[PDB]
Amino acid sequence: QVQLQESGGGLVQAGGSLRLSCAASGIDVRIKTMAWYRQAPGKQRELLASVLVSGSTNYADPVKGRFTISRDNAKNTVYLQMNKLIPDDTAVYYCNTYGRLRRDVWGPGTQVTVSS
């Protein structure tokens, strides 16, 4: 249909790494600012990283230097490489476009759990 699908979550030890991918069908990721988000069991949803159409990236502070957002135009997918994971990273992760974000349309998200 018209939707984003997140994948790549699971259980992982602290200090480890995880690569999340957001596959877009019916949406072209080349034409849209893309962003990753996360939401934990009790807190607000958090902007994490964005990549503009130009390729320029931007990171919120508790993630800068450990995560990198990248977009691969060929397979119509954004990525979030997550390195040096801290249990404060445990949350469900979502990717989105600006238009869907203001309309509060979200894909299913993927759960990332880090504890040890």
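Heads up: residue numbers just count along the shown sequence, starting at 1.
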| query | finding |
| --- | --- |
| 47-55 or 82-90, whichever carries the higher mean Cα B-factor | 82-90 |
| Per the entry, higher mean C-alpha B factor between 34-42 and 67-75 | 67-75 |
| Relative C-alpha B-factor of residue 14, binned into the chain's lowest, middle or highest third | highest |
| Within-chain third of residue 113 by Cα B-factor, per the entry | middle |
